[PDB]
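Now for the letters of each chain:
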Amino acid sequence: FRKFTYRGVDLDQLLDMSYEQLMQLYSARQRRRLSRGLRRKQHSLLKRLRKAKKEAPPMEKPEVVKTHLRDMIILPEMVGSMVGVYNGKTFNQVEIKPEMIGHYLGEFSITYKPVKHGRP
Amino acid sequence: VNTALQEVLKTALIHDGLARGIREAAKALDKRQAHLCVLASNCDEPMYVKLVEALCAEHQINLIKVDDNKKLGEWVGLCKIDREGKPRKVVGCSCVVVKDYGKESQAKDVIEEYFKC
Amino acid sequence: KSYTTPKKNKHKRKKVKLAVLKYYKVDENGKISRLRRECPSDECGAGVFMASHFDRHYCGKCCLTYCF
Amino acid sequence: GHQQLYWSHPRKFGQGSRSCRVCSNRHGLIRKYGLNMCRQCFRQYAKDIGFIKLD
Amino acid sequence: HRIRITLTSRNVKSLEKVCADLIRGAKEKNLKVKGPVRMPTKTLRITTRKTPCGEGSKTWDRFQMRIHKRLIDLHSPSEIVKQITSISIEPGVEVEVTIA
Amino acid sequence: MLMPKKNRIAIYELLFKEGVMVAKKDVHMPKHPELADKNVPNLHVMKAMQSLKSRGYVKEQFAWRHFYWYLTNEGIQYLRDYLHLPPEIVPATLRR
RNA sequence: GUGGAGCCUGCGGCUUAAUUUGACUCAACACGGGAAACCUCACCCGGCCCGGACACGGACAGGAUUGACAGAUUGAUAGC
Ligand SMILES: [Mg+2]
Ligand SMILES: [Mg+2]
Ligand SMILES: [Mg+2]
Ligand SMILES: [Mg+2]
Ligand SMILES: [Mg+2]
Ligand SMILES: [Mg+2]
Ligand SMILES: [Zn+2]
Ligand SMILES: [Zn+2]
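Residues numbered from 1 in each chain as written, not as in the entry; some residues may be left out. Chains lettered and ligands numbered in written order. Part of a larger assembly, values for the part shown. Heavy atoms only, no water.

As recorded in the entry header, the structure was determined using cryo-EM to a resolution of 4.1 Å.

Going by what the PDB entry lists, chain F is known as 40S ribosomal protein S10 and is assigned to Oryctolagus cuniculus.

In the nomenclature of the PDB entry, chain C is known as 40S ribosomal protein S27a of Oryctolagus cuniculus.

**Student:** Help me out: how do you make sense of the interface of chain C and chain B in this one?
**Tutor:** One widely used convention gives an interface's size as the accessible area the parts lose upon coming together. Taken together, the contacts link 17 residues of chain C with 13 residues of chain B. Interface of chain C and chain B: buried area, both sides summed, is about 1500 Å²; carbon and sulfur atoms make up 68% of it. Taken together, the connections running from chain C to chain B amount to two salt bridges. Note that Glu43 of chain C and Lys31 of chain B form a salt bridge whose closest N and O atoms lie 2.6 Å from each other. Linking chain C with chain B are five residue pairs in polar contact. (Contact = heavy atoms within 4.5 Å. Buried area = accessible area lost by both parts, 1.4 Å probe. Salt bridge = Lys/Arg side-chain N within 4 Å of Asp/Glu carboxyl O. Polar contact = N/O pair within 3.5 Å; in protein donor to acceptor, adjacent residues only side chain to side chain.)

**Student:** Would you take a moment to explain the interface of chain F and chain D for this structure?
**Tutor:** In this assembly, seven residues from chain F lie in contact with nine residues from chain D. Counting each side, the surface lost to burial between chain F and chain D is near 750 Å², with a carbon and sulfur contribution of 57%. For chain F, the biggest contributors to the area lost against chain D are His28, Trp64 and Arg65 of chain F; these three give 72% of the whole. Partitioned by chemical class, the residues of the side of chain F that touches chain D number three nonpolar, two polar and two charged. (Nonpolar A, V, L, I, M, F, W, Y, C, P; charged D, E, K, R; others polar.)

**Student:** Would you mind going over a positive patch on the surface with me for this structure?
**Tutor:** Residue and element names in this part refer to chain E. Positive charge collects at one region of the surface, where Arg2, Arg4, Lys32 and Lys34 lie side by side. Its location among the elements puts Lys34 in the loop between strand 2 (32-33) and strand 3 (42-43). Residue class for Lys34 comes out partly exposed when judged on its relative accessible area of 40%. (Patch = residues over 30% accessible without salt bridge, like charges linked within 9 Å, V, L, I, M, F, W, Y side chains within 5 Å. Areas by Shrake-Rupley, 256 points an atom, 1.4 Å probe, with all protein chains shown as cover. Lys, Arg positive; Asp, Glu negative; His and termini not counted. Charge placed at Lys NZ, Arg CZ, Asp CG, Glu CD. Helix = DSSP H or I, 4+ residues; strand = E, 2+ residues; numbered from the N terminus. Buried < 20%, exposed > 50% of the residue type's maximum accessible area, 1.4 Å probe, protein only.)

**Student:** Honestly, the protein's contact with RNA strand G in this entry has me stumped. Any pointers?
**Tutor:** Residues in contact with RNA strand G amount to 63 residues; listed here are only the nearest, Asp44 of chain B, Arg13 and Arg56 of chain C, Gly54 of chain E together with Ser51 of chain F. Taking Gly88 of chain A, its main chain carries an N or O atom lying 3.1 Å from a base oxygen of RNA strand G. Within the side chain of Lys58 of chain E, a nitrogen or oxygen atom sits 2.5 Å from a sugar or linking oxygen of RNA strand G. Of all the elements in the fold, those that place two or more residues in the surface near RNA strand G are helix 4 (40-55) and strand 1 (64-67) of chain A, helix 2 (22-31) of chain B, helix 2 (39-49) of chain D together with helix 2 (42-54) of chain F. Looking at side-chain class alone, the surface near RNA strand G contains 17 nonpolar, 22 polar and 24 charged residues. (Near = heavy atom within 4 Å.)

This is the structure in structure tokens:
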């Protein structure tokens, strides 16, 4: 009904919040992973995400930008943009709403194919 | 003295002085590293030959004007392969710009004297 | 085996016979006037031309661009 | 260009990163004292290196 | 005066035959010499598998490698010690003479 | 194999100045070890040297991870013919 | 003790783009020094590239053609 709230924080407080401060906010590995940093491969993601939001219509998902980093935390910088996460074979299309922060993009394209035992 | 000019050009090749192709020649003329330039003629180059001629006339560039391109290429002797015989199929070169570290030679001096005459 | 894509072609480089000819500008008098910018580098004090793109300048052997 | 591609994967650690200068293999690298060799080349070269069956 | 020799080697009989020869040479030239101080020799330990593949038996070595140190201290000028030291050494032995 | 013309002439000069040559068989080398003053990555020396071999100029031997090349008199004479040097001067292995 | 039990590892079966491929008493089954995330790696999946040497063709120093700063679907600052 309302705006979301992490511990004492609203999403708007999350969005207009610095990264290291946001680190202290969310979880140890995740705050650490921001403290450690994004490489080239992840930066091209951020720019290509901005261009997709520029080209995107209002009532439409932004265009997909692919990244193989399945091992990658979806940050609020990233929020509101499509990213094609690589499985190895294919790129899975993910729109990243604000609750996605602190999760992997790899999460949304499962590596093992989920099991069904009695198939034949 | 074409045999002497051939020996001088070969010694310049030995010492690695010569700065060649029209473009590197234009560079060497601009840098003012040309002591003599030579240009091919009797070739459909109405603008090219006119440009390089005015470029040499611009500031302190001596100009030899050899006739054929195939002949200039066989003289300079770039892709001489199968030296036990003739060069198999010369491709015609247009321009050569000599830069001369090894100026101390009797053939070079006799050329400077011929130019004096 | 049948391919989806046609094979890709090698980039045919836009060859011009005596391309250096269009670099300098001819005159009935004995001169040359290097119009477009000249590089201030020591290897080409002046003569060598820069690329003239539709939008902004650029230099070839050393690879350098200047946007609008 | 190719210079930013040719060898761009990071080789910082592990028997995968370093390798035997004999095999180029990543199996049994003797890393102590910087011997840097696989159990097979070690077994092969122990006498030359000076190791000995005392006990 | 105080020159300090450090004799190391992989093989033992070479080390003792060389160090004993140089000390005997020192006794001949007559100057204060400390006996060869046998430091305790160390032992480098390695355990490898014979097998090419995974599948034969899983066999293991118990590789030792001893490394022996003698050391000799003399109280004498430098040139005479250079005279004794140049002569009477053999391949296995490694001599390192600290000057002070 | 993209050489710089500078390397073609300096590498032929290297082959001349030391008649023989050794090199590690290692593709994954930023710089060559024995000859580290120039960059000349081992892949460059390797691929040039295998090209020389292909045209008979070097004798091959392979140990551990490391090629070993003996330069023959045809190689000595070809290098001096390319560089137009006199017959007086020589490599250090030829010189005495 | 182990065996019954929860679990470590290795193995079968299945599925899978690929699960490179080997072995089933001893003499397969924490074996491949197999503690493999990528790498390994082979296998597979998109796309480049040739690291197709050397010889000879062509080609051509009136520049063969690599490298190459732009913008475009791209992991990427691949002139792919
Ligand atoms: Mg149990
Ligand atoms: Mg059980
Ligand atoms: Mg095991
Ligand atoms: Mg394994
Ligand atoms: Mg692991
Ligand atoms: Mg693979
Ligand atoms: Zn420039
Ligand atoms: Zn081995």
